[PDB]
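Shown next are two forms of a single protein chain, provided one at a time as C-alpha coordinates under the names structure 1 and structure 2.
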Structure 1
(Lines of atoms letter the chains of each structure in order from A and count residues from 1; the text may use other names and numbers.)
(Lines give C-alpha, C1' and ligand atoms only; values in the text may rest on other atoms or scores of the structure.)
Protein backbone atom coordinates (compact mmCIF):
# COMPACT_ATOMS: atom_id res chain seq x y z
CA UNK A 1 0.00 0.00 0.00
CA UNK A 2 1.19 3.46 -1.08
CA UNK A 3 -0.40 5.02 1.96
CA UNK A 4 1.10 2.50 4.41
CA UNK A 5 4.64 1.70 3.19
CA UNK A 6 7.66 3.75 2.17
CA UNK A 7 9.19 4.07 -1.30
CA UNK A 8 12.09 1.81 -0.24
CA UNK A 9 9.52 -1.05 -0.01
CA UNK A 10 7.29 -0.06 -2.93
CA UNK A 11 9.75 0.63 -5.76
CA UNK A 12 13.22 -0.35 -7.00
CA UNK A 13 16.21 1.18 -5.18
CA UNK A 14 17.21 3.80 -7.76
CA UNK A 15 13.57 4.79 -8.14
CA UNK A 16 13.11 5.14 -4.37
CA UNK A 17 15.91 7.69 -4.28
CA UNK A 18 14.77 9.41 -7.46
CA UNK A 19 11.28 9.84 -6.02
CA UNK A 20 12.39 11.05 -2.60
CA UNK A 21 11.15 14.63 -3.33
CA UNK A 22 7.63 13.24 -3.80
CA UNK A 23 7.57 10.71 -0.94
CA UNK A 24 4.83 12.59 0.89
CA UNK A 25 2.94 13.10 -2.34
CA UNK A 26 2.96 9.37 -3.08
CA UNK A 27 1.52 8.74 0.40
CA UNK A 28 -1.06 11.48 -0.35
CA UNK A 29 -2.06 9.59 -3.50
CA UNK A 30 -2.63 6.49 -1.43
CA UNK A 31 -4.94 8.56 0.76
CA UNK A 32 -6.73 9.85 -2.30
CA UNK A 33 -7.37 6.31 -3.53
CA UNK A 34 -8.61 5.29 -0.08
CA UNK A 35 -11.02 8.25 -0.16
CA UNK A 36 -12.27 7.22 -3.60
CA UNK A 37 -13.14 3.76 -2.33
CA UNK A 38 -14.75 5.22 0.81
CA UNK A 39 -16.89 7.42 -1.45
CA UNK A 40 -17.99 4.52 -3.62
CA UNK A 41 -15.70 4.96 -6.66
CA UNK A 42 -13.07 2.48 -7.88
CA UNK A 43 -9.71 2.89 -9.58
CA UNK A 44 -7.44 1.15 -12.05
CA UNK A 45 -4.96 -0.46 -12.16
CA UNK A 46 -5.02 -2.52 -8.97
CA UNK A 47 -3.28 -0.81 -6.06
CA UNK A 48 -0.35 -3.20 -6.18
CA UNK A 49 0.31 -2.30 -9.85
CA UNK A 50 -0.04 1.47 -9.69
CA UNK A 51 3.73 2.03 -9.24
CA UNK A 52 4.79 -0.98 -11.30
CA UNK A 53 6.77 1.06 -13.84
CA UNK A 54 9.10 2.04 -10.97
CA UNK A 55 9.88 -1.60 -10.14
CA UNK A 56 12.23 -1.89 -13.12
CA UNK A 57 15.65 -0.35 -12.53
CA UNK A 58 15.95 3.42 -12.75
CA UNK A 59 19.61 3.26 -13.79
CA UNK A 60 18.76 0.96 -16.72
CA UNK A 61 16.18 3.15 -18.41
CA UNK A 62 17.28 4.23 -21.92
CA UNK A 63 13.86 5.05 -23.42
CA UNK A 64 10.89 6.62 -21.74
CA UNK A 65 7.39 6.22 -23.21
CA UNK A 66 4.75 8.43 -21.63
CA UNK A 67 1.04 8.30 -22.19
CA UNK A 68 -1.93 9.97 -20.55
CA UNK A 69 -3.47 7.64 -17.98
CA UNK A 70 -4.30 3.92 -17.63
CA UNK A 71 -6.76 1.91 -19.65
CA UNK A 72 -10.26 2.57 -18.33
CA UNK A 73 -11.62 -1.01 -18.74
CA UNK A 74 -11.36 -3.30 -15.77
CA UNK A 75 -8.96 -6.09 -16.71
CA UNK A 76 -6.78 -4.03 -19.05
CA UNK A 77 -4.41 -1.76 -17.11
CA UNK A 78 -1.42 -3.49 -15.50
CA UNK A 79 0.69 -0.52 -14.32
CA UNK A 80 2.90 -0.45 -17.42
CA UNK A 81 1.54 2.08 -19.88
CA UNK A 82 -0.27 0.58 -22.90
CA UNK A 83 0.49 -2.99 -21.87
CA UNK A 84 -2.09 -5.71 -21.26
CA UNK A 85 -1.85 -9.20 -19.79
CA UNK A 86 -0.78 -11.86 -22.30
CA UNK A 87 -4.27 -13.40 -22.27
CA UNK A 88 -6.16 -10.20 -23.15
CA UNK A 89 -7.95 -10.21 -26.51
CA UNK A 90 -9.14 -8.32 -28.37
CA UNK A 91 -6.48 -5.67 -27.89
CA UNK A 92 -7.52 -2.20 -26.81
CA UNK A 93 -7.60 0.26 -29.65
CA UNK A 94 -4.58 2.31 -28.58
CA UNK A 95 -2.52 -0.85 -28.48
CA UNK A 96 -3.71 -2.06 -31.85
CA UNK A 97 -2.63 1.31 -33.25
CA UNK A 98 0.77 1.11 -31.51
CA UNK A 99 1.32 -2.33 -32.98
CA UNK A 100 0.24 -1.10 -36.42
CA UNK A 101 3.00 1.53 -36.24
CA UNK A 102 5.47 -0.99 -34.79
CA UNK A 103 5.02 -3.22 -37.85
CA UNK A 104 5.19 -0.30 -40.30
CA UNK A 105 8.29 1.22 -38.67
CA UNK A 106 10.28 -1.90 -37.84
CA UNK A 107 8.98 -4.46 -40.36
CA UNK A 108 8.36 -7.03 -37.62
CA UNK A 109 5.25 -9.21 -37.68
CA UNK A 110 2.38 -8.27 -35.45
CA UNK A 111 3.07 -9.33 -31.86
CA UNK A 112 1.49 -12.50 -30.55
CA UNK A 113 -0.16 -10.66 -27.62
CA UNK A 114 -0.32 -7.29 -25.88
CA UNK A 115 2.24 -7.89 -23.15
CA UNK A 116 4.91 -5.19 -23.26
CA UNK A 117 6.97 -6.53 -20.35
CA UNK A 118 9.84 -7.38 -22.73
CA UNK A 119 10.23 -3.68 -23.39
CA UNK A 120 10.23 -2.92 -19.65
CA UNK A 121 12.85 -5.64 -19.12
CA UNK A 122 15.06 -4.10 -21.83
CA UNK A 123 15.19 -0.53 -20.50
CA UNK A 124 11.98 1.05 -21.72
CA UNK A 125 10.04 2.87 -18.99
CA UNK A 126 6.30 2.55 -19.67
CA UNK A 127 4.91 5.56 -17.86
CA UNK A 128 1.67 7.50 -17.87
CA UNK A 129 1.43 11.14 -16.84
CA UNK A 130 -1.29 10.13 -14.37
CA UNK A 131 -1.11 6.68 -12.76
CA UNK A 132 -4.73 5.85 -11.92
CA UNK A 133 -8.14 6.27 -13.51
CA UNK A 134 -11.73 5.62 -12.46
CA UNK A 135 -13.19 2.67 -14.42
CA UNK A 136 -14.83 3.68 -17.68
CA UNK A 137 -13.84 7.36 -17.29
CA UNK A 138 -10.64 8.39 -19.15
CA UNK A 139 -8.76 11.33 -17.58
CA UNK A 140 -10.90 11.19 -14.43
CA UNK A 141 -7.83 11.44 -12.16
CA UNK A 142 -6.22 14.32 -14.03
CA UNK A 143 -5.14 17.04 -11.65
CA UNK A 144 -5.48 14.92 -8.50
CA UNK A 145 -1.80 14.85 -7.57
CA UNK A 146 -0.06 12.31 -9.82
CA UNK A 147 1.42 14.96 -12.06
CA UNK A 148 3.96 16.02 -9.41
CA UNK A 149 5.05 12.39 -9.09
CA UNK A 150 5.63 11.84 -12.80
CA UNK A 151 7.26 15.28 -13.13
CA UNK A 152 9.74 14.23 -10.42
CA UNK A 153 10.37 10.90 -12.20
CA UNK A 154 11.22 12.69 -15.45
CA UNK A 155 13.46 15.26 -13.79
CA UNK A 156 15.37 12.54 -12.09
CA UNK A 157 15.79 10.52 -15.27
CA UNK A 158 17.00 13.62 -17.12
CA UNK A 159 19.55 14.41 -14.37
CA UNK A 160 21.30 11.01 -14.64
CA UNK A 161 24.74 10.68 -16.17
CA UNK A 162 23.26 8.63 -18.88
CA UNK A 163 21.53 8.83 -22.20
CA UNK A 164 17.77 9.13 -22.41
CA UNK A 165 15.30 9.27 -25.27
CA UNK A 166 11.71 10.29 -24.46
CA UNK A 167 8.67 9.41 -26.50
CA UNK A 168 5.73 11.59 -25.45
CA UNK A 169 2.36 10.41 -26.72
CA UNK A 170 -0.36 13.02 -26.47
CA UNK A 171 -0.99 16.35 -24.84
CA UNK A 172 -0.72 15.41 -21.16
CA UNK A 173 2.55 13.57 -21.79
CA UNK A 174 3.82 16.62 -23.71
CA UNK A 175 3.69 18.75 -20.54
CA UNK A 176 6.87 16.90 -19.49
CA UNK A 177 8.78 18.45 -22.36
CA UNK A 178 10.15 21.47 -20.40
CA UNK A 179 11.69 19.18 -17.85
CA UNK A 180 13.35 17.12 -20.58
CA UNK A 181 15.66 20.19 -21.55
CA UNK A 182 18.93 18.41 -20.48
CA UNK A 183 21.86 17.91 -23.03
CA UNK A 184 21.88 14.08 -22.32
CA UNK A 185 18.13 13.87 -23.22
CA UNK A 186 16.17 14.08 -26.44
CA UNK A 187 12.40 14.09 -26.90
CA UNK A 188 10.24 12.76 -29.68
CA UNK A 189 6.66 14.15 -29.47
CA UNK A 190 3.61 12.88 -31.41
CA UNK A 191 -0.12 12.70 -31.15
CA UNK A 192 -1.48 9.94 -28.98
CA UNK A 193 -2.10 6.53 -30.58
CA UNK A 194 -5.74 6.52 -29.54
CA UNK A 195 -8.22 6.60 -32.47
CA UNK A 196 -9.14 10.09 -31.30
CA UNK A 197 -5.79 11.49 -32.38
CA UNK A 198 -3.70 8.85 -34.15
CA UNK A 199 -4.47 10.14 -37.65
CA UNK A 200 -3.09 13.58 -36.68
CA UNK A 201 0.49 12.27 -36.78
CA UNK A 202 0.87 9.06 -34.76
CA UNK A 203 0.74 6.83 -37.83
CA UNK A 204 3.98 7.31 -39.74
CA UNK A 205 5.78 8.74 -36.71
CA UNK A 206 8.32 5.85 -36.64
CA UNK A 207 9.09 6.33 -32.92
CA UNK A 208 10.92 3.04 -32.43
CA UNK A 209 13.51 3.44 -35.17
CA UNK A 210 13.90 7.15 -34.38
CA UNK A 211 14.57 6.34 -30.72
CA UNK A 212 17.26 3.86 -31.74
CA UNK A 213 18.98 6.34 -34.10
CA UNK A 214 18.99 8.83 -31.24
CA UNK A 215 20.42 6.31 -28.75
CA UNK A 216 23.19 5.26 -31.13
CA UNK A 217 24.02 8.92 -31.77
CA UNK A 218 24.53 9.42 -27.99
CA UNK A 219 26.73 6.29 -27.86
CA UNK A 220 24.07 4.11 -26.26
CA UNK A 221 22.87 0.69 -27.30
CA UNK A 222 19.57 0.63 -29.27
CA UNK A 223 16.48 -1.03 -27.83
CA UNK A 224 15.57 -4.47 -29.10
CA UNK A 225 11.93 -3.71 -29.74
CA UNK A 226 11.03 -7.16 -31.06
CA UNK A 227 8.11 -8.76 -29.31
CA UNK A 228 7.34 -12.48 -29.63
Structure 2
Protein backbone atom coordinates (compact mmCIF):
# COMPACT_ATOMS: atom_id res chain seq x y z
CA UNK A 1 0.00 0.00 0.00
CA UNK A 2 1.13 3.56 -0.79
CA UNK A 3 -0.18 6.81 0.68
CA UNK A 4 0.14 9.14 3.67
CA UNK A 5 2.32 6.65 5.60
CA UNK A 6 4.99 6.80 2.87
CA UNK A 7 4.68 10.60 2.76
CA UNK A 8 5.64 10.73 6.46
CA UNK A 9 8.25 7.98 6.64
CA UNK A 10 9.90 7.55 3.23
CA UNK A 11 12.33 9.87 1.38
CA UNK A 12 11.11 11.72 -1.75
CA UNK A 13 13.29 9.48 -3.96
CA UNK A 14 10.90 6.63 -3.09
CA UNK A 15 7.76 8.73 -3.75
CA UNK A 16 8.41 10.63 -6.98
CA UNK A 17 10.62 10.16 -10.05
CA UNK A 18 14.35 10.93 -9.81
CA UNK A 19 14.36 14.40 -11.41
CA UNK A 20 11.36 15.49 -9.33
CA UNK A 21 12.93 14.13 -6.12
CA UNK A 22 15.91 16.46 -6.61
CA UNK A 23 13.73 19.40 -7.73
CA UNK A 24 11.39 19.04 -4.72
CA UNK A 25 14.14 18.43 -2.15
CA UNK A 26 13.50 21.85 -0.49
CA UNK A 27 9.92 20.74 0.38
CA UNK A 28 10.91 17.26 1.64
CA UNK A 29 10.12 18.37 5.20
CA UNK A 30 6.79 19.84 4.02
CA UNK A 31 5.71 16.64 2.23
CA UNK A 32 6.41 14.79 5.51
CA UNK A 33 4.35 17.45 7.34
CA UNK A 34 1.47 16.91 4.88
CA UNK A 35 1.60 13.18 5.59
CA UNK A 36 1.18 14.12 9.26
CA UNK A 37 -1.77 16.35 8.38
CA UNK A 38 -3.52 13.55 6.47
CA UNK A 39 -2.78 11.15 9.34
CA UNK A 40 -4.52 13.66 11.65
CA UNK A 41 -7.51 13.89 9.26
CA UNK A 42 -8.00 10.10 9.23
CA UNK A 43 -7.67 10.00 13.05
CA UNK A 44 -10.49 12.57 13.33
CA UNK A 45 -12.83 10.39 11.23
CA UNK A 46 -12.47 12.38 8.01
CA UNK A 47 -11.53 11.22 4.51
CA UNK A 48 -9.51 12.86 1.76
CA UNK A 49 -9.28 12.71 -2.04
CA UNK A 50 -7.54 11.49 -4.19
CA UNK A 51 -6.28 8.03 -3.18
CA UNK A 52 -3.09 8.20 -1.08
CA UNK A 53 -1.10 6.53 -3.85
CA UNK A 54 -2.21 9.26 -6.30
CA UNK A 55 -1.56 12.40 -4.21
CA UNK A 56 1.93 12.95 -5.66
CA UNK A 57 1.15 11.41 -9.06
CA UNK A 58 1.93 14.50 -11.16
CA UNK A 59 5.57 14.16 -10.03
CA UNK A 60 5.86 10.50 -11.14
CA UNK A 61 6.65 11.51 -14.75
CA UNK A 62 10.12 12.79 -15.84
CA UNK A 63 10.91 16.31 -14.53
CA UNK A 64 13.46 16.75 -17.36
CA UNK A 65 10.74 16.30 -20.02
CA UNK A 66 8.17 18.79 -18.62
CA UNK A 67 7.49 21.47 -21.26
CA UNK A 68 3.94 22.54 -20.41
CA UNK A 69 2.37 23.50 -17.06
CA UNK A 70 -1.39 23.23 -16.59
CA UNK A 71 -2.41 24.43 -13.14
CA UNK A 72 -5.63 23.54 -11.33
CA UNK A 73 -6.76 24.73 -7.92
CA UNK A 74 -7.51 21.54 -5.96
CA UNK A 75 -8.66 17.97 -6.70
CA UNK A 76 -12.20 17.17 -7.91
CA UNK A 77 -14.43 16.95 -4.79
CA UNK A 78 -16.46 14.05 -6.25
CA UNK A 79 -15.10 10.76 -4.83
CA UNK A 80 -13.67 8.67 -7.68
CA UNK A 81 -13.04 11.69 -9.93
CA UNK A 82 -9.66 12.92 -8.63
CA UNK A 83 -6.70 10.78 -9.69
CA UNK A 84 -3.76 13.06 -8.78
CA UNK A 85 -3.52 14.91 -12.09
CA UNK A 86 -5.23 18.29 -12.47
CA UNK A 87 -8.50 17.98 -14.48
CA UNK A 88 -8.04 14.25 -15.19
CA UNK A 89 -10.45 11.44 -14.31
CA UNK A 90 -10.14 7.63 -14.41
CA UNK A 91 -10.78 6.06 -17.87
CA UNK A 92 -14.08 4.53 -16.66
CA UNK A 93 -15.67 7.81 -15.46
CA UNK A 94 -18.92 8.81 -17.25
CA UNK A 95 -19.97 11.52 -17.66
CA UNK A 96 -16.82 13.52 -17.08
CA UNK A 97 -16.76 16.61 -14.80
CA UNK A 98 -18.05 19.70 -16.58
CA UNK A 99 -14.65 21.44 -16.44
CA UNK A 100 -13.12 18.50 -18.32
CA UNK A 101 -15.98 18.41 -20.85
CA UNK A 102 -15.24 22.08 -21.57
CA UNK A 103 -11.49 21.42 -21.94
CA UNK A 104 -12.29 18.62 -24.42
CA UNK A 105 -14.66 20.86 -26.40
CA UNK A 106 -11.87 23.42 -26.87
CA UNK A 107 -9.48 20.53 -27.60
CA UNK A 108 -11.70 19.47 -30.54
CA UNK A 109 -12.27 23.05 -31.78
CA UNK A 110 -8.59 24.04 -31.53
CA UNK A 111 -6.88 20.89 -32.79
CA UNK A 112 -9.56 19.37 -35.03
CA UNK A 113 -9.28 16.03 -33.22
CA UNK A 114 -12.33 13.91 -32.35
CA UNK A 115 -13.73 13.98 -28.82
CA UNK A 116 -11.64 11.70 -26.55
CA UNK A 117 -13.08 8.28 -25.66
CA UNK A 118 -12.53 8.88 -21.93
CA UNK A 119 -11.33 11.58 -19.50
CA UNK A 120 -7.90 10.12 -18.69
CA UNK A 121 -5.17 12.75 -19.16
CA UNK A 122 -2.33 10.34 -18.35
CA UNK A 123 -1.03 10.47 -21.96
CA UNK A 124 -0.45 14.25 -21.56
CA UNK A 125 1.48 13.62 -18.31
CA UNK A 126 3.49 10.88 -20.04
CA UNK A 127 4.35 13.32 -22.85
CA UNK A 128 5.75 16.20 -20.76
CA UNK A 129 2.72 18.04 -19.37
CA UNK A 130 2.72 18.84 -15.66
CA UNK A 131 -0.90 18.51 -14.51
CA UNK A 132 -0.46 20.29 -11.22
CA UNK A 133 -3.09 21.17 -8.64
CA UNK A 134 -2.09 23.97 -6.25
CA UNK A 135 -3.62 21.97 -3.39
CA UNK A 136 -3.08 18.20 -3.65
CA UNK A 137 -5.82 16.84 -1.36
CA UNK A 138 -9.43 17.75 -0.48
CA UNK A 139 -12.17 16.48 1.84
CA UNK A 140 -14.86 14.69 -0.24
CA UNK A 141 -17.61 17.00 -1.59
CA UNK A 142 -16.06 20.01 0.16
CA UNK A 143 -14.14 22.07 -2.43
CA UNK A 144 -11.09 24.04 -1.20
CA UNK A 145 -11.35 22.40 2.26
CA UNK A 146 -7.58 21.71 2.36
CA UNK A 147 -6.62 25.18 1.09
CA UNK A 148 -4.03 26.81 3.38
CA UNK A 149 -3.13 23.48 4.99
CA UNK A 150 0.44 23.36 3.65
CA UNK A 151 0.24 22.04 0.07
CA UNK A 152 0.80 25.53 -1.37
CA UNK A 153 4.51 25.52 -0.41
CA UNK A 154 5.01 22.12 -2.10
CA UNK A 155 3.33 23.06 -5.40
CA UNK A 156 4.99 26.50 -5.45
CA UNK A 157 8.30 24.63 -5.14
CA UNK A 158 7.35 22.50 -8.18
CA UNK A 159 6.53 25.59 -10.26
CA UNK A 160 9.66 27.49 -9.20
CA UNK A 161 11.89 24.45 -9.79
CA UNK A 162 10.54 24.17 -13.35
CA UNK A 163 11.19 27.85 -13.98
CA UNK A 164 14.72 27.44 -12.56
CA UNK A 165 15.71 25.08 -15.42
CA UNK A 166 17.29 26.48 -18.59
CA UNK A 167 14.63 24.63 -20.63
CA UNK A 168 11.62 26.41 -22.22
CA UNK A 169 8.25 26.21 -20.47
CA UNK A 170 4.72 27.11 -21.49
CA UNK A 171 2.38 27.84 -18.59
CA UNK A 172 -1.32 27.52 -19.36
CA UNK A 173 -3.05 29.64 -16.72
CA UNK A 174 -6.83 29.19 -16.44
CA UNK A 175 -8.69 31.59 -14.14
CA UNK A 176 -7.84 34.52 -11.87
CA UNK A 177 -6.03 32.38 -9.28
CA UNK A 178 -3.73 30.70 -11.84
CA UNK A 179 -2.90 34.15 -13.24
CA UNK A 180 -1.48 35.25 -9.85
CA UNK A 181 1.13 32.52 -10.39
CA UNK A 182 2.90 34.49 -13.16
CA UNK A 183 5.45 36.05 -10.73
CA UNK A 184 6.60 32.50 -9.79
CA UNK A 185 7.44 31.89 -13.45
CA UNK A 186 9.04 35.24 -14.34
CA UNK A 187 12.63 34.15 -13.57
CA UNK A 188 12.48 31.35 -16.14
CA UNK A 189 12.45 30.84 -19.91
CA UNK A 190 8.66 30.88 -19.81
CA UNK A 191 5.64 32.13 -21.75
CA UNK A 192 2.13 32.20 -20.25
CA UNK A 193 -1.18 31.48 -22.00
CA UNK A 194 -3.96 33.16 -20.01
CA UNK A 195 -7.74 32.76 -20.25
CA UNK A 196 -10.85 32.31 -18.08
CA UNK A 197 -11.17 28.93 -16.29
CA UNK A 198 -12.81 25.94 -18.14
CA UNK A 199 -15.35 25.66 -15.26
CA UNK A 200 -18.99 26.13 -16.48
CA UNK A 201 -19.13 29.23 -14.26
CA UNK A 202 -16.53 30.99 -16.43
CA UNK A 203 -15.77 28.90 -19.57
CA UNK A 204 -18.08 30.80 -21.94
CA UNK A 205 -16.46 34.10 -20.86
CA UNK A 206 -13.31 33.36 -22.88
CA UNK A 207 -12.00 29.83 -22.34
CA UNK A 208 -13.77 28.68 -25.50
CA UNK A 209 -11.91 30.10 -28.51
CA UNK A 210 -8.63 30.45 -26.58
CA UNK A 211 -6.92 27.59 -28.49
CA UNK A 212 -4.38 26.89 -25.70
CA UNK A 213 -3.02 23.63 -27.18
CA UNK A 214 -1.95 24.78 -30.65
CA UNK A 215 -0.67 28.02 -29.09
CA UNK A 216 1.45 26.11 -26.53
CA UNK A 217 3.02 24.10 -29.36
CA UNK A 218 3.68 27.19 -31.46
CA UNK A 219 5.45 28.81 -28.48
CA UNK A 220 7.49 25.66 -27.71
CA UNK A 221 8.64 25.39 -31.35
CA UNK A 222 9.49 29.12 -31.26
CA UNK A 223 11.51 28.60 -28.08
CA UNK A 224 13.31 25.68 -29.79
CA UNK A 225 11.55 22.88 -27.89
CA UNK A 226 9.65 19.74 -28.92
CA UNK A 227 5.87 20.32 -29.23
CA UNK A 228 3.34 18.28 -27.22
CA UNK A 229 1.40 15.47 -28.86
CA UNK A 230 -2.02 16.40 -27.43
CA UNK A 231 -3.85 13.46 -29.05
CA UNK A 232 -6.13 11.43 -26.78
CA UNK A 233 -7.74 8.07 -27.70
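Take the two forms, find the largest set of C-alpha atoms that superpose within 1.5 Å, and that set is the rigid core. Residue numbers count along the first chain shown, from 1.
- With a cut-off of 2 Å and the rigid core superposed, residue 170 has a Cα displacement that reaches or exceeds the cut-off between structure 1 and structure 2.
- When the rigid core is fitted, residue 186 shows a C-alpha shift of 1.2 Å between structure 1 and structure 2.
- Per-residue C-alpha deviation between structure 1 and structure 2, core superposed: residue 199, 2.1 Å.
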